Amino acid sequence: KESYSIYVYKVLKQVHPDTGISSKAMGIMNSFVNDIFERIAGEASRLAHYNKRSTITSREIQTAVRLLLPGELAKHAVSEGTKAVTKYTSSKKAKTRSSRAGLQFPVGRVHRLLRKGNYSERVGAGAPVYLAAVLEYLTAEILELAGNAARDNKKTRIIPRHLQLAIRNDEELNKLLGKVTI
């Protein structure tokens, strides 16, 4: 149960500059980023152990993303994963690893949460960049649709009803919530 609120708010300003979000909405969003992080992290670890690797790389994040996410989300996630990893690899450094990856979401904390409790695998540098990029992309997608629902309701901020309606009304988000809340 990491708080991603500040990073969610930054992504919300990127995609709906003039839209707010309610504290109950922000809680659901954090719950959602946690569930997604765990499901992808869990699957990547299993993939490495099954194929008896001693490390989680962006390859195992990539496979996990392709297994868990519906098709269009998976394609955009893979695109955003590879772009963030590539930016970071040729980055100018002298900045947060997130700033090198061109992301708002925190690479360090994703690194920390990929290692904690493992004891059977090391975490590559690309793996947490790829996964932060994917968390950022799926946040942007949810907030885009949630903010569109707030506008239809003539509201200036996102409330829980907007997240519910954006998820039920979008084929891929509705399908994804099957694997993620379990």
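In this text, residue numbers run from 1 along the sequence as written.
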| property | result |
| --- | --- |
| Per the entry, higher mean C-alpha B factor between 115 to 123 and 39 to 47 | 115 to 123 |
| Of 50 to 58 and 22 to 30, the one with larger mean CA B-factor | 50 to 58 |
| Relative C-alpha B-factor of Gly71, binned into the chain's lowest, middle or highest third | middle |
| Lowest, middle or highest third - CA B-factor, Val107 | highest |
| CA B-factor placement of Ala94, once the chain's modelled residues are sorted into thirds | lowest |
| Record-listed C-alpha B factor of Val85: chain third | middle |
